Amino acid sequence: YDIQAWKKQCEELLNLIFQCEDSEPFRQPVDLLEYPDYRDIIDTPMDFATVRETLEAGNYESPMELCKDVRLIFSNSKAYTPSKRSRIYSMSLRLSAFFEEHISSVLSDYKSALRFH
């Protein structure tokens, strides 16, 4: 019933993501020199290094705030490359499933703890 426990849980989940091969395209900002039309499609770029930095700086007040930035990584991936036959679409689907499976217990534990406070 610890309202601070999510911070270190999310730190370890991001460490696991950076170790997964499927995360490689999402570890740093999309390269706008390589893809100069990216900003015509995408409003707000996002990547796992930015999420990890935002957490480390204590600029997330809750794990749901962190989830909003992660959702944007997968929203942007689909918007720029929607082809279901592409390598990046299949990498996005597997890493999204991996994130959702591990974050679910972090969110429900946090919600339980918050009721008590």
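The first residue of the shown sequence is 1; numbering continues from there. So that the term is clear: the rigid core is the largest set of C-alpha atoms that superpose within 1.5 Å between two forms.
Taking the rigid core as the alignment reference, the C-alpha atoms of 26-34 lie farther on average from the displayed form in 7 other deposited structures of this protein than those of the other stretch among 39-47 and 26-34. Fitting each structure in 7 other deposited structures of this protein onto the rigid core and averaging C-alpha distances over structures and residues, 82-90 emerges as the more displaced of 54-62 and 82-90.
Higher mean CA B-factor, judged across 50-58 and 72-80 from the recorded values: 50-58. The deposited model assigns a higher average Cα B-factor to 86-94 than to the other stretch when 86-94 and 36-44 are compared.
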